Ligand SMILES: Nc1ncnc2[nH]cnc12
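A single chain comes next, written as structure tokens; it is the form solved without ligand ADE.
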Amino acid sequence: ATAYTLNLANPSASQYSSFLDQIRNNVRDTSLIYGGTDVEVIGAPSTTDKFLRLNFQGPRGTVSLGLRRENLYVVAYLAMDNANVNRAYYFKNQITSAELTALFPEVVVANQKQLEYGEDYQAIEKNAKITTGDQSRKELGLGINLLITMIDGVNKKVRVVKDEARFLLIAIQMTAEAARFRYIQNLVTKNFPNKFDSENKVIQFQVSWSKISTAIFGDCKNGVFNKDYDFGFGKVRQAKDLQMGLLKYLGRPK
């Protein structure tokens, strides 16, 4: 229903940051305070407003992303094919035809296609056909200019799973992940708008969202963890050092 647009025609660091804040502010429950921190926390699941639409506006067209408001998981994407026909591709276990019709009204039922692979990084990465290093998303790098290049691969083009998968990897990280982790946001704005190398720390943050959220929710007092934690990149005792942007909903603080 609700939609936010990122103007990639005339991108600026401030616009990107405000865009992420709009996502955070949309899904958060301001009454939720985890571990005595000021970090935004996603609110309880809604049965009336389940999805959020993100529009990547470019000079040659617009590609859209659909995310679940309850956890920021990707559910689908919209892009015009080589015949300028709007088409929506979705993950079966994430959304239905009726909901997809409401999310992307410009796409007719016949043009709704269920993706052949899973929504997890592993499944998408295998279809991305990355041939160097560990062959994971880390090998693609990050950045505004990279996102623009990836969009060109799906915008008004014949669907190629390799290009589609690569677009999803970058789009998910530049939106959902950047919303959750300020460290990721800061890397993007620091190198704005250039493409740059990703890091082990970037991946380490992503795989430990739940662990980090659980730690702040139930083992943290006034921003200080009750015991040292290590999520892969070193010992942390203060939640502030994690530079979190959005915590997973785990219920209300006890």
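In this text, residue numbers run from 1 along the sequence as written.
Omitted here: the form solved in complex with ligand ADE. The next part is about that form.
Asks: Is ligand ADE close enough to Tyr73, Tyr121 and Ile172 in the bound PDB entry that each of the three has a heavy atom within 4.5 Å of it?
Replies: Per the other structure, all of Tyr73, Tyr121 and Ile172 touch ligand ADE.
Asks: Note which of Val154, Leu78, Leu147, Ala176 lies within 4.5 Å of ligand ADE in the bound PDB entry, where distance is taken over heavy atoms; exactly one does.
Replies: When ligand ADE is considered in the bound PDB entry, the option within 4.5 Å is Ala176.
Asks: If we take heavy atoms and a 4.5 Å cut-off, which stretch out of 112-120, 139-147, 156-164, 96-104 is in contact with ligand ADE in the bound PDB entry?
Replies: Checking each option against the 4.5 Å cut-off leaves 112-120.
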